[PDB]
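Chains as they are written, first to last, in PDB author numbering: chain A, 7 to 269; chain B, 7 to 269; chain C, 7 to 269; chain D, 7 to 269. The beta carbon of each residue, even a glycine, is placed where N, CA and C say it ideally should be. Right, one structure below, let's go through it.
Number of protein chains: 4
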Amino acid sequence: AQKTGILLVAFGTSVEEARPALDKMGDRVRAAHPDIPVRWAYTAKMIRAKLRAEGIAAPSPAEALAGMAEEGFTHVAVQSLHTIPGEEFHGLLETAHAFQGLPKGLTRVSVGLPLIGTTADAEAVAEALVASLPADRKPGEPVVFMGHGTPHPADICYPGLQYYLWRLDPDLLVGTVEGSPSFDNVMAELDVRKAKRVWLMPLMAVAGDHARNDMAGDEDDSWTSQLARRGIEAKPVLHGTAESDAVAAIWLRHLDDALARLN
Amino acid sequence: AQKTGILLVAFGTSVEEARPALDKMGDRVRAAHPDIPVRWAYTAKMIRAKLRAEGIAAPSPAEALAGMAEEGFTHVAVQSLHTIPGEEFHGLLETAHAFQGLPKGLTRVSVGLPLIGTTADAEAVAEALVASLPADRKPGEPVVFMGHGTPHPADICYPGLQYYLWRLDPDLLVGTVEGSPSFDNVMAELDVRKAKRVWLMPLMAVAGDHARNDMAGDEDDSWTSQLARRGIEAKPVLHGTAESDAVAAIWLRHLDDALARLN
Amino acid sequence: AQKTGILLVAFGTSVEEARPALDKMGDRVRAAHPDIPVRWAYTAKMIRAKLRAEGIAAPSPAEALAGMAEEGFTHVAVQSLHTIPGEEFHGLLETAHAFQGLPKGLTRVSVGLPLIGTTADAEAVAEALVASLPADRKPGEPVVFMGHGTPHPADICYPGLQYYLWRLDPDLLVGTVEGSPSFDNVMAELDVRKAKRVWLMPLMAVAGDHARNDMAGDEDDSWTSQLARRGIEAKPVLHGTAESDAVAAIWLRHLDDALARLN
Amino acid sequence: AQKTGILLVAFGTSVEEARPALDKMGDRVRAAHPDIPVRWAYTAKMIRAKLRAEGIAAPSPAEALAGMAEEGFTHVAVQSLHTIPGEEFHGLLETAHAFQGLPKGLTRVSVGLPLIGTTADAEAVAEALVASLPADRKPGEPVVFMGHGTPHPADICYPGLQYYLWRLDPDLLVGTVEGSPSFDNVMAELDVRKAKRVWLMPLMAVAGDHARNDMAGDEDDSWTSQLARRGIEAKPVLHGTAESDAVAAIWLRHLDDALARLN
Ligand code: HEM
Ligand code: HEM
Ligand SMILES: [O-][O-]
Ligand SMILES: [O-][O-]
Ligand SMILES: [O-][O-]
Ligand SMILES: [O-][O-]
Ligand SMILES: [Cl-]
Ligand SMILES: [Cl-]
Ligand SMILES: [Cl-]
Ligand SMILES: [Cl-]
Ligand SMILES: [Co+2]
Ligand SMILES: [Co+2]
Ligand SMILES: [Co+2]
Ligand SMILES: [Co+2]
Ligand code: NA
Ligand code: NA
Ligand code: NA
Ligand code: NA
């Protein structure tokens with residue numbers, strides 16, 4: 007009776023200018039698995055709420071998998087587009103396990119690792135980030151990658167990643183909105199380097215509200231505003247990591263592993 | 007943040023003439039719990055399929071509970087309108103347990119017992135069945151109650167119930183379409199009683215397709231057709247047990263117990 | 007790495023005169039599966055406590071399965087010698103599921119049905135009980151089988167069984183210490199039959215404390231004492247059903263099904 | 007009926023010279039919770055096997071918790087003395103969850119975080135490691151901390167920790183036997199620093215076989231042997247991190263959090 011499906015799961019975005027990076031990921035998946043149905047879900051409640059408000063279907067992972075059981079899928083590979091295996095990724099794993107083996111439902115539900123899975127992923131991410139840098143960035147000019155940050159233990163992925171980036175370039179820095187390293191830590195790194203021009207790039211899949219507001223906003227407490235007050239030319243780049251082929255390739259490999267775990 | 011909901015779950019029916027017994031149960035629940043939201047789900051895949059085909063929303067228990075988590079419910083009392091704790095009732099229990107405690111989802115999901123829960127329910131069902139008999143049934147005229155039957159061990163509820171019915175009336179008989187006692191067992195009971203007029207009543211919540219076709223159909227292998235060939239005046243009664251107040255009261259008590267199990 | 011084991015689980019007994027029926031079951035299992043290791047566990051806490059007090063190892067199902075994981079077993083078939091799928095049997099099922107698939111532990115843990123599993127088992131039990139009757143019991147003399155009884159819904163197995171027994175012999179009766187039918191129900195059955203000699207047989211695997219005390223005790227409230235006060239010659243028979251080959255054969259078949267469910 | 011217990015879980019050691027660090031942890035726990043029973047278990051199969059071979063009881067976490075359920079404990083706080091939340095720590099979490107809520111068993115089983123739990127733990131570990139250094143280590147002399155390493159994603163804790171250590175001292179280095187950073191990575195760090203005297207300290211709770219053999223062994227492929235071949239005075243220090251009060255204090259705090267999670 008066998009039927010295989012793929013569930014792509016993003017934190018998500020509700021802003022029109024940011025959704026293209028999701029669609030680009032959808033194409034990549036379709037191109038690599040032309041005969042497997044692909045469905046979407048979103049882990050953030052507030053974003054499902056805004057998307058429904060605009061008249062767009064936006065299922066939670068639970069709704070998506072109940073709907074997929076209803077369409078007769080038996081084996082589903084779930085791939086998050088999270089960066090780290092934090093709270094949301096763990097919740098997604100609990101949700102997948104809960105659906106597998108329910109009566110008359112899904113036989114097998116596998117979950118692909120987020121971006122920074124193994125130490126080998128972390129080193130591959132560092133390389134992909136380097137390959138993603140804007141052509142106009144000059145050698146010596148620091149780049150701050152902005153991650154979300156979390157109180158979850160997987161926060162340790164950000165300082166782990168900083169290790170790998172430095173092995174490539176002493177001027178590539180990691181900062182987070184809510185964890186460690188903090189933006190203050192990043193500014194202290196910038197002061198010792200006496201950098202005059204600094205690039206800012208989101209570490210998340212899509213350049214969402216943290217990217218547009220906390221990293222590059224007009225208000226005083228944004229990263230670019232804070233850098234301007236200390237005389238630094240801030241160059242924010244509003245592209246999520248899902249726009250990079252070299253980064254996306256790592257999510258794709260994770261999806262391949264999850265499909266293979268279905269048998 | 008607390009919010010309590012009730013999920014009523016029927017095997018279900020897709021035939022217009024049979025759905026009124028479901029609506030009657032919905033009223034009873036509303037009348038007994040005027041301030042608790044009440045939602046519906048259906049355990050039979052083929053029936054969800056026919057209802058969707060007619061343009062009617064018919065969620066599986068999984069879809070229903072994912073939707074309810076999405077509306078912000080935290081504590082849900084699930085009540086099946088199954089007759090016995092067989093395969094479908096067990097699947098419903100697995101499905102409820104799977105949803106409870108998922109991240110950002112339902113805190114507590116309780117499940118009410120089907121009709122024949124304890125031996126005290128079984129005795130109460132026997133009494134309610136007796137109270138439900140048509141006024142025109144005469145003393146001495148046998149009544150055959152038709153249950154579904156199952157290969158599941160809960161099939162033992164049918165012969166258990168027969169025990170309780172006989173304590174009340176030697177001429178009340180239990181038969182099933184797919185289990186034990188069989189219709190052949192019932193006919194052998196009828197032969198020793200030399201009964202000339204026999205009543206047939208569904209044991210299920212709604213007088214569905216088994217009631218209209220297997221019990222009372224025009225075709226040769228229906229119960230009434232088989233009784234007519236042996237010279238018995240068959241009186242089929244097309245009312246599910248959900249139409250009886252005395253029977254419905256037992257499902258209601260089960261729902262009260264399940265609400266109390268939420269705290 | 008594969009290694010298959012069998013876990014036999016009894017409610018248990020702590021009285022020397024009753025343990026032989028367990029040993030007889032152990033032989034039967036060894037004889038039918040000569041190359042599979044067989045281990046024991048007991049569901050009753052008070053009995054594990056008395057056996058430890060006498061210096062006898064008596065593991066709970068949890069201790070047994072943790073020990074078996076430790077010896078390198080990978081696939082274990084658990085067979086209860088319970089009569090009905092009540093509270094204890096359900097707890098055993100939860101305990102088996104909990105062990106299967108734990109890291110570096112058991113791959114597969116299956117559970118065999120108790121005696122009264124399907125309606126087909128129930129009919130086979132009725133036949134086996136009849137075959138087990140003492141040769142001196144005369145036709146027409148009632149036999150009361152004593153079951154435990156439980157508030158669990160599986161109590162419905164006792165009146166279910168009574169149905170099957172009556173199909174064979176109108177004078178075979180089922181009574182229970184704690185459920186339905188009650189001993190009062192049995193005495194009302196005896197009064198209408200005006201029986202002068204009545205046989206009492208335990209329905210449980212071993213003739214334990216309920217058999218020696220509640221059924222056949224010297225005190226006033228025992229079954230035999232109550233029957234003597236109403237002028238009935240009570241003939242108690244202190245053999246658990248595990249002593250009968252015809253009954254044991256049903257547990258053995260259940261164990262075969264559970265072994266096959268391992269693959 | 008309430009009864010609270012503490013389960014201390016070590017990877018473990020089977021070598022006499024190394025077990026004192028476990029006993030020191032046992033005292034610390036007893037001293038901080040004088041009225042709570044404390045039990046031991048070990049996650050490594052090969053070590054349970056060697057300890058049983060020497061006649062010492064060495065239960066797996068499953069055996070321990072089944073035994074504790076048997077003694078009447080209801081609420082158990084499990085604390086691993088693992089360094090990272092890798093494969094073994096995850097297995098321990100699965101095992102604890104499996105025991106909680108089993109019939110007549112443990113009501114609540116909580117699990118304390120391993121050493122490197124949050125980014126705040128990671129920074130506290132870095133500080134504790136610094137405080138643990140031998141008094142004879144001179145400023146400027148590098149120290150290599152040896153961790154296990156794992157293919158599990160929690161391997162990212164080692165490069166995460168390296169980040170925190172460097173914030174304190176550019177000459178503190180992290181290396182692992184089986185993950186990243188590798189010993190080759192550490193030697194390349196040593197070459198750029200042209201270090202003549204290097205200290206080696208185990209990162210694990212006990213200075214076990216990896217410490218005595220892979221880090222400080224006489225054979226050619228040991229860390230100290232490899233450093234001697236390149237003209238470096240290697241100073242191995244055979245004390246597990248459990249010997250340090252400043253490090254142990256972090257495990258103790260984790261145990262406090264796990265006790266509080268019992269209510
Ligand atoms: C007449 C036979 C059976 C009856 C009357 C019955 C009834 C029930 C009921 C009423 C519950 C509610 C849970 C509770 O009391 O806490 C339950 C739970 C459950 N049942 Fe059944 N059941 C039967 C046979 C089985 C069988 C054959 C299986 C497995 C093959 C099974 C598996 C379970 C499981 C896994 C649960 C939830 C946790 C637990 O084991 O208590 N039951 N059952
Ligand atoms: C750096 C990577 C990882 C870290 C730091 C980590 C850490 C943790 C921690 C600290 C917990 C405690 C539970 C809680 O917070 O409530 C946890 C729970 C859990 N973890 Fe991990 N983990 C990682 C990767 C993984 C992976 C790859 C898997 C699966 C393959 C996994 C599976 C689980 C599961 C099933 C639980 C229990 C329920 C849940 O999903 O929250 N973790 N993990
Ligand atoms: O986090 O907003
Ligand atoms: O059963 O149709
Ligand atoms: O039940 O004793
Ligand atoms: O790892 O030995
Ligand atoms: Cl310039
Ligand atoms: Cl007439
Ligand atoms: Cl005589
Ligand atoms: Cl010197
Ligand atoms: Co945020
Ligand atoms: Co049917
Ligand atoms: Co008892
Ligand atoms: Co090792
Ligand atoms: Na991020
Ligand atoms: Na029925
Ligand atoms: Na019994
Ligand atoms: Na380590």
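Take residue i and list the residues in its own chain whose beta-carbon comes closer than 8 Å to its own, dropping the five residues that flank it on each side.
i                 : result
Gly246 of chain C : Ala24, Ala27, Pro208, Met210, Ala211, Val212, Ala213, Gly214, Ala217
Looking only at its chain, what residues have a beta carbon closer than 7 Å to the beta carbon of residue i, apart from the 5 residues adjacent to it on each side?
i                 : result
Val243 of chain D : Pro140, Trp205, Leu206, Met207
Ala102 of chain C : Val84, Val115, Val117
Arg143 of chain D : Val149, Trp205
Confirm the yes/no value for this check: CB of residue i, any heavy atom of ligand 3, distance under 7 Å.
i                 : result
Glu225 of chain A : no
Go ahead and label residue i buried or exposed: buried means 16 or more other beta carbons lie within 10 angstroms of its beta carbon, across all protein chains shown.
i                 : result
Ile12 of chain C  : buried
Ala47 of chain D  : buried
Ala59 of chain A  : exposed
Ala160 of chain C : buried
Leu57 of chain D  : buried
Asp127 of chain B : buried
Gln168 of chain B : buried
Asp33 of chain D  : exposed
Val198 of chain D : exposed
Cβ-heavy atom distance between residue i and ligand 14 below 7 Å?
i                : result
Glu93 of chain D : no
Is any heavy atom in ligand 1 found nearer than 7 Å to the beta carbon of residue i?
i                      : result
residue 280 of chain C : The structure shown does not extend to residue 280 of chain C, since chain C is modelled only from 7 to 269, so the question has no answer here.
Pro159 of chain B      : yes
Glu195 of chain C      : no
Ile162 of chain B      : yes
For the candidate residues the options, whose alpha-carbon lies nearest to that of residue i?
i                 : options                                : result
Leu233 of chain D : D:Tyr170, D:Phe17, D:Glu195, D:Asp262  : D:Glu195
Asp262 of chain A : A:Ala132, A:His39, A:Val15             : A:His39
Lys241 of chain D : D:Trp257, D:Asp251, D:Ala255, D:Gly223 : D:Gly223
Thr125 of chain B : B:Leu265, B:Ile256, B:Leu268, B:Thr182 : B:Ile256
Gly181 of chain A : A:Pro43, A:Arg173, A:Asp190            : A:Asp190
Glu93 of chain C  : D:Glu94, D:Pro109, D:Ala134, D:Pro176  : D:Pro109
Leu121 of chain C : C:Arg143, C:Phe105, C:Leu99, C:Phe95   : C:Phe95
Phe105 of chain C : C:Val136, C:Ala134, C:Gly73            : C:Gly73
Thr89 of chain C  : C:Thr10, C:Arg236, C:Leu135            : C:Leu135
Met31 of chain A  : A:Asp41, A:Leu14, A:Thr156             : A:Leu14
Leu174 of chain C : C:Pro187, C:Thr156, C:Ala132, C:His154 : C:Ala132
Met193 of chain B : B:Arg235, B:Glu225, B:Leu171           : B:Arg235
Quick check: is any heavy atom of ligand 16 less than 7 Å from the C-beta of residue i?
i                : result
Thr89 of chain A : no
Is there at least one non-hydrogen atom of ligand 2 closer than 7 Å to the beta-carbon of residue i?
i                 : result
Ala264 of chain A : no
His96 of chain A  : yes
Any heavy atom of ligand 18 closer than 7 Å to the beta-carbon of residue i?
i                 : result
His260 of chain D : no
Residue i: beta carbon under 7 Å from a heavy atom of ligand 11?
i                 : result
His154 of chain A : yes
Return yes when the C-beta of residue i is under 7 Å from any heavy atom of ligand 12, and no when it is not.
i                 : result
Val21 of chain B  : no
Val183 of chain B : yes
Could you tell me if the beta carbon of residue i falls within a distance shorter than 7 Å of some heavy atom in ligand 17?
i                 : result
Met210 of chain C : yes
For residue i, collect the residues of the same chain with a Cβ closer than 6 Å to its Cβ; drop the 5 residues on either side in sequence, then sort them by chain order.
i                 : result
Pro91 of chain C  : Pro120, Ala160
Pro65 of chain A  : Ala47
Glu184 of chain D : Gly155
Chain E contacts from the region 111-133 of chain D (Cβ-Cβ distance under 8 Å): You won't find chain E in this structure, because its protein chains are A, B, C and D.
Curious, which full-length beta strand (DSSP E) runs of at least 3 residues does the region 198-231 of chain C contain? 203-208
Curious, which full-length alpha helix (DSSP H) runs of at least 4 residues does the region 153-188 of chain C contain? 163-174
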